[PDB]
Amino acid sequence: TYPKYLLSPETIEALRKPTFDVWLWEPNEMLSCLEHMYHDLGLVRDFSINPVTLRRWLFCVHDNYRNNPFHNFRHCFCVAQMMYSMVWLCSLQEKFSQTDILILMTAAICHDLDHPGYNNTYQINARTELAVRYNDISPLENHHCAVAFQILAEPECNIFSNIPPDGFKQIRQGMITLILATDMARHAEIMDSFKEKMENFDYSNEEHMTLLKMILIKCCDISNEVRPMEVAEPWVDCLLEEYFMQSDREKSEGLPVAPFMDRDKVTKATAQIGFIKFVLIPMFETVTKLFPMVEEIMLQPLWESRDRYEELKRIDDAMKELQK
């Protein structure tokens, strides 16, 4: 027997796949997983990351995620673990430099840092200190990003301490671009840009590759439904918990309420059907043009999830045919 934070060989192997059960593990075990990713991706080797600083940095990242129902440390773990899965699934180390892999992973981990559990529309409408600070420009994502680099600026947490300044600047710019790209209000703009590049994709074109990295981090961020139904499903309850908290607050503060956060309108099936059909499937279809193996491993579960939720909605609707 070994202290939980000693990962088993079985767990290490399972960690490479999108079927990994994100719910089984406590934070200390999740931190060890993330640690293992940096070593296993060769990032510790190639960026001379102090192994103790890596751990201190992950602990500090954990400390700066809030205990929200959804936008919490377990979410950043999911996003990073899906990114790690996609590196193996899509053979990303053939296409991307080690600096690009470092940017993808570190941005995945950092992308929702210190999230308050109320979205940008709330920040903007309530004129919060964050909205005022960032002039209504992706306030949350600007904040996640600032926090990321505030953490990295503390020497005991600086995993980049042994990278030259030019390397740091290159990584910094990449991470900012990616975390900013996680603002869903930009989803159609980013998808349109990507598809435009996808007309004639060029792996040696830097602009093409920046858009590919933004699509990968976006894929991983919104990827919960790619996972086995038993892993995916509790995430929806968590999300609706945050949505309903926000809309309750908006009501009692006299602010606009989004219909997709309305307790009397929204169900799991209504939340997921449109999202899978019109956001997730189309994005993964376009990625599958570059990476055909994504169809079987990620698009198949989405088709299955779509169909299950359509069945669910049909029974939810019937149940309400009994209620007035």
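Numbering starts at 1 and follows the sequence shown.
- Of the two stretches examined, 258-266 and 47-55, the record assigns the greater average C-alpha temperature factor to 258-266.
- In this PDB entry, the Cα temperature factor of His39 sits in the bottom third of its chain's modelled residues, the lowest group.
- When the modelled residues of the chain are ordered by their C-alpha B factor, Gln300 lands in the highest third.
- Sort the modelled residues of the chain by CA B factor and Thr286 lands in the highest third.
- In the PDB entry, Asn205 places in the highest third of its chain by CA B-factor.
- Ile124: CA B factor lies in the lowest third for its chain, per the PDB record.
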